[PDB]
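Dropping my_file.cif in here (mmCIF, C-alpha atoms and all ligand atoms):
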data_start
loop_
_atom_site.label_atom_id
_atom_site.label_comp_id
_atom_site.auth_asym_id
_atom_site.auth_seq_id
_atom_site.Cartn_x
_atom_site.Cartn_y
_atom_site.Cartn_z
CA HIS A 4 0.00 0.00 0.00
CA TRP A 5 1.04 3.67 -0.08
CA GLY A 6 3.52 5.08 2.41
CA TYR A 7 6.64 7.19 2.67
CA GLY A 8 9.32 4.67 1.67
CA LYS A 9 11.39 4.49 -1.50
CA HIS A 10 9.05 2.04 -3.20
CA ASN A 11 5.67 3.38 -2.01
CA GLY A 12 6.32 7.05 -1.25
CA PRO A 13 5.01 10.32 -2.66
CA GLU A 14 6.61 9.83 -6.09
CA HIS A 15 4.54 6.65 -6.52
CA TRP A 16 1.15 7.86 -5.32
CA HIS A 17 -0.03 9.11 -8.73
CA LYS A 18 -0.32 5.53 -10.01
CA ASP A 19 -3.22 4.77 -7.63
CA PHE A 20 -4.37 8.41 -7.24
CA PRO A 21 -3.90 10.25 -10.54
CA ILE A 22 -5.12 13.52 -9.01
CA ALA A 23 -1.63 13.58 -7.42
CA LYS A 24 -0.61 15.49 -10.58
CA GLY A 25 -3.67 17.77 -10.46
CA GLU A 26 -4.19 21.50 -10.62
CA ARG A 27 -4.56 22.24 -6.88
CA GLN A 28 -2.32 19.84 -4.96
CA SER A 29 -0.85 20.38 -1.49
CA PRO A 30 1.43 21.14 0.20
CA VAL A 31 3.15 24.07 -1.53
CA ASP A 32 6.06 26.38 -0.87
CA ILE A 33 4.82 29.71 0.48
CA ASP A 34 6.88 32.42 -1.15
CA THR A 35 6.37 35.22 1.34
CA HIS A 36 7.37 38.02 -1.01
CA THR A 37 4.86 36.89 -3.70
CA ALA A 38 1.91 36.23 -1.34
CA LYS A 39 -0.37 39.26 -1.45
CA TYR A 40 -2.01 40.89 1.51
CA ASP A 41 -5.78 40.73 1.05
CA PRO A 42 -7.52 43.39 3.19
CA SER A 43 -10.89 41.78 2.39
CA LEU A 44 -10.08 38.58 4.33
CA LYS A 45 -12.44 38.64 7.33
CA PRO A 46 -11.07 37.78 10.77
CA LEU A 47 -10.42 34.09 11.52
CA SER A 48 -12.66 32.52 14.22
CA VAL A 49 -11.41 29.47 16.13
CA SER A 50 -14.09 28.33 18.60
CA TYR A 51 -12.75 25.31 20.47
CA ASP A 52 -14.21 25.91 23.97
CA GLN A 53 -16.70 23.00 23.68
CA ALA A 54 -14.34 20.53 21.98
CA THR A 55 -14.84 16.87 22.94
CA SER A 56 -11.82 14.72 22.17
CA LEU A 57 -12.50 10.98 21.94
CA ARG A 58 -9.55 8.78 20.97
CA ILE A 59 -5.89 8.89 19.97
CA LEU A 60 -4.95 6.51 17.16
CA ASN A 61 -1.80 5.27 15.23
CA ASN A 62 -3.07 4.80 11.67
CA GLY A 63 0.20 3.67 10.09
CA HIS A 64 0.87 7.11 8.54
CA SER A 65 0.63 9.45 11.56
CA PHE A 66 -1.12 9.59 14.91
CA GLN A 67 -4.41 11.41 15.23
CA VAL A 68 -6.67 12.73 17.96
CA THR A 69 -10.35 12.41 17.01
CA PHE A 70 -13.23 14.62 18.15
CA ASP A 71 -17.00 14.38 18.38
CA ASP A 72 -18.16 16.09 15.18
CA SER A 73 -21.88 15.21 15.55
CA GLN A 74 -22.70 18.77 16.70
CA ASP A 75 -21.19 22.25 16.29
CA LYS A 76 -18.85 21.98 19.33
CA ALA A 77 -15.41 22.96 18.04
CA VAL A 78 -15.68 24.99 14.84
CA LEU A 79 -13.64 27.12 12.48
CA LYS A 80 -15.27 30.10 10.72
CA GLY A 81 -14.30 33.41 9.15
CA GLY A 82 -11.06 34.14 7.34
CA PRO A 83 -11.48 32.94 3.75
CA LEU A 84 -14.31 30.58 4.73
CA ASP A 85 -18.01 30.75 4.03
CA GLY A 86 -20.03 28.92 6.64
CA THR A 87 -19.12 26.67 9.54
CA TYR A 88 -16.49 23.92 9.64
CA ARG A 89 -16.46 21.27 12.39
CA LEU A 90 -13.22 19.93 13.88
CA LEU A 91 -12.92 16.20 13.18
CA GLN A 92 -9.30 15.39 14.07
CA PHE A 93 -5.75 16.63 14.33
CA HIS A 94 -2.54 14.92 13.41
CA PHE A 95 1.12 15.72 12.68
CA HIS A 96 3.81 15.26 10.03
CA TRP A 97 7.45 15.21 11.17
CA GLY A 98 11.01 14.40 10.25
CA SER A 99 13.92 12.18 11.17
CA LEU A 100 15.95 15.32 12.06
CA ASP A 101 14.92 18.83 13.03
CA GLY A 102 15.65 20.34 9.59
CA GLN A 103 12.79 18.54 7.84
CA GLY A 104 9.29 17.31 8.64
CA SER A 105 6.89 20.03 7.56
CA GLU A 106 4.75 19.69 4.42
CA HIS A 107 4.36 23.38 3.66
CA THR A 108 7.59 25.35 3.43
CA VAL A 109 8.16 29.10 3.85
CA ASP A 110 10.65 30.58 1.38
CA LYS A 111 11.85 26.97 1.00
CA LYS A 112 12.45 26.63 4.78
CA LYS A 113 11.32 23.30 6.25
CA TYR A 114 10.18 23.14 9.86
CA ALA A 115 10.67 20.13 12.18
CA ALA A 116 6.98 19.24 12.03
CA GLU A 117 3.53 20.45 11.01
CA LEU A 118 0.21 20.15 12.87
CA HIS A 119 -3.00 19.79 10.83
CA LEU A 120 -6.37 20.55 12.46
CA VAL A 121 -8.91 19.07 10.06
CA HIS A 122 -12.42 20.55 9.73
CA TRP A 123 -15.35 19.87 7.37
CA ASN A 124 -18.09 22.11 6.02
CA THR A 125 -21.38 21.41 7.76
CA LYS A 127 -23.41 22.27 4.69
CA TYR A 128 -22.35 18.88 3.27
CA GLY A 129 -23.59 16.97 6.30
CA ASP A 130 -20.74 14.45 6.69
CA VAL A 131 -17.02 14.35 6.00
CA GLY A 132 -17.30 11.73 3.27
CA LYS A 133 -19.59 14.02 1.27
CA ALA A 134 -17.40 17.02 2.09
CA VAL A 135 -14.28 15.40 0.60
CA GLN A 136 -16.11 15.34 -2.76
CA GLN A 137 -16.52 19.16 -2.82
CA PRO A 138 -14.03 21.90 -3.70
CA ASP A 139 -14.87 23.76 -0.48
CA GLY A 140 -15.52 20.68 1.66
CA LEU A 141 -12.65 20.87 4.17
CA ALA A 142 -10.60 23.52 5.93
CA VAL A 143 -7.23 22.52 7.37
CA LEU A 144 -5.49 24.78 9.83
CA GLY A 145 -1.75 24.18 9.53
CA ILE A 146 0.71 25.12 12.26
CA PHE A 147 4.50 24.81 12.04
CA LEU A 148 6.59 23.32 14.86
CA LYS A 149 10.16 24.40 15.56
CA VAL A 150 12.40 22.85 18.22
CA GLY A 151 13.29 24.95 21.25
CA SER A 152 11.26 25.35 24.42
CA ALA A 153 8.56 22.80 25.31
CA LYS A 154 4.90 23.34 24.43
CA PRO A 155 3.01 22.50 27.65
CA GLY A 156 -0.27 21.91 25.79
CA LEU A 157 1.40 19.13 23.78
CA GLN A 158 2.69 17.11 26.74
CA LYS A 159 -0.52 15.14 27.38
CA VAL A 160 -0.32 13.91 23.76
CA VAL A 161 3.35 13.01 23.99
CA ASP A 162 2.91 11.03 27.18
CA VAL A 163 0.39 8.57 25.70
CA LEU A 164 2.32 7.79 22.50
CA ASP A 165 4.03 4.75 24.07
CA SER A 166 0.55 3.18 24.27
CA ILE A 167 -0.02 3.48 20.48
CA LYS A 168 3.43 2.56 19.16
CA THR A 169 2.37 0.46 16.19
CA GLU A 170 -0.16 0.69 13.44
CA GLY A 171 -3.65 -0.26 14.58
CA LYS A 172 -3.42 0.82 18.23
CA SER A 173 -5.73 3.38 19.88
CA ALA A 174 -6.45 4.72 23.40
CA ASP A 175 -9.01 6.86 25.21
CA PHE A 176 -8.07 10.49 24.90
CA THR A 177 -10.88 12.48 26.46
CA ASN A 178 -10.82 16.01 27.84
CA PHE A 179 -7.96 17.23 25.64
CA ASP A 180 -8.07 20.98 24.86
CA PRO A 181 -6.63 21.73 21.40
CA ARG A 182 -6.45 25.45 22.25
CA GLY A 183 -3.18 24.54 23.97
CA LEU A 184 -1.56 23.84 20.58
CA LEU A 185 -2.16 27.32 19.05
CA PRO A 186 0.42 30.12 18.73
CA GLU A 187 -0.36 33.66 19.91
CA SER A 188 -1.06 35.13 16.49
CA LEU A 189 -3.69 33.94 14.01
CA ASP A 190 -1.98 35.73 11.11
CA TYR A 191 -2.18 33.33 8.14
CA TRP A 192 -1.67 32.51 4.52
CA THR A 193 -4.47 30.84 2.56
CA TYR A 194 -4.85 29.06 -0.79
CA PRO A 195 -7.04 26.34 -2.41
CA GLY A 196 -5.47 22.88 -2.25
CA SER A 197 -5.83 19.21 -1.46
CA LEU A 198 -5.44 16.48 1.11
CA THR A 199 -1.72 15.70 1.47
CA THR A 200 -2.31 11.94 1.83
CA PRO A 201 -4.31 9.60 -0.42
CA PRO A 202 -6.88 10.10 -1.81
CA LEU A 203 -5.28 13.57 -2.36
CA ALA A 204 -8.77 15.01 -2.99
CA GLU A 205 -8.89 18.64 -4.11
CA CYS A 206 -11.31 19.65 -1.37
CA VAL A 207 -9.30 21.80 1.06
CA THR A 208 -9.12 25.49 1.87
CA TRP A 209 -5.67 25.69 3.48
CA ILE A 210 -5.10 28.17 6.30
CA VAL A 211 -1.42 28.10 7.34
CA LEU A 212 -0.43 30.16 10.39
CA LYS A 213 2.65 32.35 10.09
CA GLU A 214 3.75 31.94 13.72
CA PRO A 215 5.21 28.52 14.56
CA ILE A 216 4.86 26.90 17.94
CA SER A 217 7.98 25.77 19.80
CA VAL A 218 8.23 22.19 21.06
CA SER A 219 11.13 20.61 22.92
CA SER A 220 13.60 18.10 21.58
CA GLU A 221 12.20 15.57 24.07
CA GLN A 222 8.68 16.08 22.73
CA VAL A 223 9.65 15.55 19.07
CA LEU A 224 11.85 12.57 20.01
CA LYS A 225 8.71 10.89 21.29
CA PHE A 226 7.03 11.36 17.89
CA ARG A 227 10.04 9.64 16.30
CA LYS A 228 9.68 6.51 18.46
CA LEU A 229 6.36 5.65 16.83
CA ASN A 230 6.30 2.86 14.21
CA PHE A 231 4.86 2.72 10.69
CA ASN A 232 4.60 -1.06 11.07
CA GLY A 233 2.10 -3.16 12.96
CA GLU A 234 3.12 -5.17 16.01
CA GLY A 235 5.18 -8.24 15.06
CA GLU A 236 6.45 -6.79 11.78
CA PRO A 237 9.99 -5.49 11.18
CA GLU A 238 10.37 -2.20 13.06
CA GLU A 239 10.39 0.87 10.80
CA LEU A 240 10.34 4.16 12.68
CA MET A 241 7.48 6.54 11.82
CA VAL A 242 9.64 9.45 10.63
CA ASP A 243 9.60 11.58 7.48
CA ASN A 244 5.85 11.13 7.00
CA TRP A 245 5.60 14.34 4.96
CA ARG A 246 4.73 14.99 1.30
CA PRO A 247 7.06 17.52 -0.37
CA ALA A 248 5.91 20.79 -1.95
CA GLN A 249 3.86 20.44 -5.14
CA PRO A 250 3.60 22.83 -8.11
CA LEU A 251 1.63 25.98 -7.38
CA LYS A 252 0.22 26.11 -10.93
CA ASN A 253 -2.63 28.58 -11.38
CA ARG A 254 -2.97 29.69 -7.74
CA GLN A 255 -2.28 32.77 -5.64
CA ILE A 256 -1.47 32.58 -1.96
CA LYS A 257 -3.15 35.35 0.03
CA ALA A 258 -1.89 36.83 3.32
CA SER A 259 -4.16 38.01 6.13
CA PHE A 260 -1.52 40.45 7.34
CA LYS A 261 0.58 43.33 6.04
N1 LIG A 301 -2.80 15.73 5.84
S1 LIG A 301 -4.18 16.53 5.56
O1 LIG A 301 -4.21 17.18 4.23
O2 LIG A 301 -4.49 17.44 6.68
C1 LIG A 301 -5.48 15.31 5.45
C2 LIG A 301 -6.76 15.50 6.19
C3 LIG A 301 -7.75 14.64 6.06
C4 LIG A 301 -7.60 13.43 5.22
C5 LIG A 301 -8.71 12.41 4.98
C6 LIG A 301 -10.00 12.78 5.12
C7 LIG A 301 -11.02 11.88 4.90
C8 LIG A 301 -10.72 10.65 4.49
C9 LIG A 301 -9.45 10.21 4.33
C10 LIG A 301 -9.10 8.78 3.88
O3 LIG A 301 -9.80 8.07 3.24
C11 LIG A 301 -8.43 11.13 4.54
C12 LIG A 301 -6.50 13.25 4.55
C13 LIG A 301 -5.39 14.22 4.65
ZN ZN A 302 -1.83 16.28 7.40
#
Output the structure of this file as structure tokens.
Ligand SMILES: NS(=O)(=O)c1ccc(-c2cccc(C=O)c2)cc1
Ligand SMILES: [Zn+2]
Amino acid sequence: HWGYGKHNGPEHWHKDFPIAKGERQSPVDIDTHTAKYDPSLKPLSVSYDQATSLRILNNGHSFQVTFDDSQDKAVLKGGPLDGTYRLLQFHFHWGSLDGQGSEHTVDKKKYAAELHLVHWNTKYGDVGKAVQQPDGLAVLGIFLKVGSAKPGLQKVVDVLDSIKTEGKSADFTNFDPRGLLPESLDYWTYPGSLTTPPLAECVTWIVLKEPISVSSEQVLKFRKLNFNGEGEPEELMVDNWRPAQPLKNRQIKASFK
């Protein structure tokens, strides 16, 4: 199946998912000097006060924290978005070393990791329907650099030993994703895609300019996860990022001057 290795990695995905070579693929390099400030972008609204986390899961490509999306509890609105988008899950992409791991890049700079908070447009009723629409999903992307620890990440890090291998999950209730956000909500936005198969062109990307800092100990715990299932040859879950794709006929807009 698809993965991040030499024989099943991003350069192979187009064979099973031809949209991999499409017109609005993600991630992209964000050229900060070419992105244009758009004074018409309304303010971004992150309303996570009523979030209900459910489970944490190793899916063989990342780990994810899942939320109750059966009501408007944790929602993203405003910015470039029309309507209301419910938080379904968050997950990360990271590297084998601190100089790579992010999917988006900024003036070709790679960060150590990237957090994706995945939301779907309630006008389509369920996420499966939303993935079939050009404005079905909104992903809030946040860069991670290594320095000081992020206290709001520690509860995640401390349960990873319980989901080491593909297929494992654990209860992960009462987690507050507000603890993963930087101070500023300044952002870049563009129309793109899922960065893992099926690579559907259904995402409004909102990438925050301000990274969060995490400690070396925190990212080291990400790197102890396994791509493999229990009993199979151990292959560390590292470098689970897709590289930047061609921008093609798109403009990246900035919310800030
Ligand atoms: N990495 S990312 O662009 O944030 C991302 C977010 C959500 C998905 C997703 C959504 C729904 C179904 C599936 C798999 O069938 C994948 C896939 C990729
Ligand atoms: Zn992702």
>> Is it possible to get the residues within 6 Å of (0.0, 14.0, -0.6) (coordinates as in the file, counting only C-alpha atoms) written as a PyMOL selection string?
In response: chain A and resi 199-200+203+246
Can you report as JSON the centre and edge lengths in Å, to one decimal, of an axis-aligned box around the listed atoms of ligand LIG 301 (chain A) padded with 8 Å on each side?
{"center_x": -6.9, "center_y": 12.8, "center_z": 5.0, "size_x": 24.2, "size_y": 25.4, "size_z": 19.4}
> Pick from A:129, A:155, A:12, A:201: nearest to residue 74 in chain A, with only C-alpha atoms counted?
Replying inline: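 The closest residue to residue 74 in chain A is A:129.
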> Which residues form the shell of 10 Å around ligand LIG 301 (chain A) when you count all atoms listed in the file, given as a PyMOL selection string?
Replying inline: chain A and resi 28-30+64-65+91-96+106+117-123+131-136+141-145+196-209+244-246
> Do you have the CA of residue 103 in chain A-CA of residue 189 in chain A distance handy?
Replying inline: 23.4 Å
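Nearest-residue note for ligand ZN 302 (chain A): choosing from A:67, A:249, A:232, A:220, the minimum distance belongs to A:67, counting all atoms listed in the file.
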> Which of these, A:35, A:24, A:211, A:138, has the shortest distance to ligand ZN 302 (chain A) once you count all atoms listed in the file?
Replying inline: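 Looking at the shortest contact to ligand ZN 302 (chain A), the residue is A:211.
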> What is the distance, in Å and to one decimal place, between CA of residue 238 in chain A and CA of residue 68 in chain A?
Replying inline: 23.2 Å
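CA of residue 113 in chain A to CA of residue 101 in chain A spans 8.9 Å [interatomic distance, one decimal].
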>> At a cut-off of 9 Å around the point (-4.3, 31.6, 8.8) (file coordinates), what residues fall inside when counting all atoms listed in the file? I'd like the answer as a list in words.
In response: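 Every residue inside that radius is included here: residues 47, 82, 83, 144, 145, 146, 189, 190, 191, 192, 193, 209, 210, 211, 212, 213, 258 and 259 of chain A.
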Written selection (C-alpha atoms) as a short mmCIF file (atom, residue, chain, number, x, y, z; two decimals), keeping the file's coordinate frame:
data_model
loop_
_atom_site.label_atom_id
_atom_site.label_comp_id
_atom_site.auth_asym_id
_atom_site.auth_seq_id
_atom_site.Cartn_x
_atom_site.Cartn_y
_atom_site.Cartn_z
CA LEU A 47 -10.42 34.09 11.52
CA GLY A 82 -11.06 34.14 7.34
CA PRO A 83 -11.48 32.94 3.75
CA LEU A 144 -5.49 24.78 9.83
CA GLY A 145 -1.75 24.18 9.53
CA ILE A 146 0.71 25.12 12.26
CA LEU A 189 -3.69 33.94 14.01
CA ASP A 190 -1.98 35.73 11.11
CA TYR A 191 -2.18 33.33 8.14
CA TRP A 192 -1.67 32.51 4.52
CA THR A 193 -4.47 30.84 2.56
CA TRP A 209 -5.67 25.69 3.48
CA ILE A 210 -5.10 28.17 6.30
CA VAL A 211 -1.42 28.10 7.34
CA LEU A 212 -0.43 30.16 10.39
CA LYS A 213 2.65 32.35 10.09
CA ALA A 258 -1.89 36.83 3.32
CA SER A 259 -4.16 38.01 6.13
#
